[PDB]
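What follows is the residue order along each chain.
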Amino acid sequence: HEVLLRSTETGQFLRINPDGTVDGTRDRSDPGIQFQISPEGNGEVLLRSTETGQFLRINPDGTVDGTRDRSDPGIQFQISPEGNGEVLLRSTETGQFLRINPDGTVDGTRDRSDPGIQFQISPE
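Residues numbered from 1 in each chain as written, not as in the entry; some residues may be left out. Heavy atoms only, no water.

- Structure determination for the deposited model, as stated in its record, used X-ray crystallography, and the stated resolution is 1.50 Å.

A look at the nonpolar core
For step 1, the next point in the chain: If you look at the biggest cluster of nonpolar residues, it comprises 18 residues, and the most contacted ones within it are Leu14, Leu47, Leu56, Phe77 and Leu98.
For step 2, the next point in the chain: Elements supplying a minimum of two residues to this core: β1 (3-7), β2 (13-16), β5 (44-49), β6 (55-58), β9 (86-91) and β10 (97-100).
For step 3, the next point in the chain: Here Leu47 is in contact with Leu5, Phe35, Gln36, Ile37, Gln54, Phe55, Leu56, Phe77 and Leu89, once residues within four sequence places are set aside. (Core = buried A, V, L, I, M, F, W, Y, C linked by side-chain atoms within 4.5 Å. Buried < 20%, exposed > 50% of the residue type's maximum accessible area, 1.4 Å probe, protein only. Helix = DSSP H or I, 4+ residues; strand = E, 2+ residues; numbered from the N terminus. Contact = heavy atoms within 4.5 Å.)

A few points about the pairing of β9
For step 1, the next point in the chain: In terms of burial, β9 is a largely internal element, five of the six residues being buried.
For step 2, the next point in the chain: In the sheet, strand β8 (residues 77-83) pairs with β9 via six bridges, with the strands oriented antiparallel. The residue bridging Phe77 from the neighbouring strand is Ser91, located in β9.
For step 3, the next point in the chain: Connecting the antiparallel pair β8 and β9 is a turn made up of two residues, with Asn84 showing a positive phi of about 55 degrees.
For step 4, the next point in the chain: Bridging between β9 and strand β12 (residues 119-123) involves two bridges; their strand directions are antiparallel. If you follow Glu86 over to β12, its bridge partner there is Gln120. (Pairing = 2+ DSSP bridges.)

Overview of the pattern of salt bridges
For step 1, the next point in the chain: Considering all chains together, one arrives at eight salt bridges under this definition.
For step 2, the next point in the chain: A salt bridge links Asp107 to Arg99, with the nearest nitrogen and oxygen atoms 2.8 Å apart.
For step 3, the next point in the chain: Each of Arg15, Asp23 and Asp30 takes part in salt bridges that share partners, so that together they form one network. (Salt bridge = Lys/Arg side-chain N within 4 Å of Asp/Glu carboxyl O.)

What to know about the environment of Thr63
For step 1, the next point in the chain: With respect to the helices and strands, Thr63 occurs in the loop between β6 and β7 (64-67).
For step 2, the next point in the chain: Overall, the relative accessible area of 39% leaves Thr63 in the partly exposed class.
For step 3, the next point in the chain: For the pair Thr63 and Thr109, spaced 46 residues apart in the sequence, the C-alpha separation amounts to 9.3 Å.
For step 4, the next point in the chain: Here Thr63 is in contact with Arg57 and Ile58, once residues within four sequence places are set aside.
For step 5, the next point in the chain: Side chain to side chain, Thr63 and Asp61 meet in a polar contact 2.7 Å long. (Polar contact = N/O pair within 3.5 Å; in protein donor to acceptor, adjacent residues only side chain to side chain.)

In structure tokens, the structure reads:
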């Protein structure tokens, strides 16, 4: 059971690339867009790119990348519904929200009003 993680604002899909970079794309054929939600208990999940198995990570400095460091606390997310199938994806360790910007760049923010922190999650 895989999912796609999509910007509500622009419809861009989140992608983790084999080199560990993370960005947005409209290419439905890119294998980097498929994710698996891994339950961690206590209301937390990991978001793992199925192609390479990398976990999504929000670093303290607000940068976002992919990693296999299973012990990095920046890989723990909570999925919080906003209603009507919109969600926020928040790093529990630093409180930063995942942000996909209209230019396809991806980073972390503490600005709850940013249109780029709204996501849709759809089954593959």
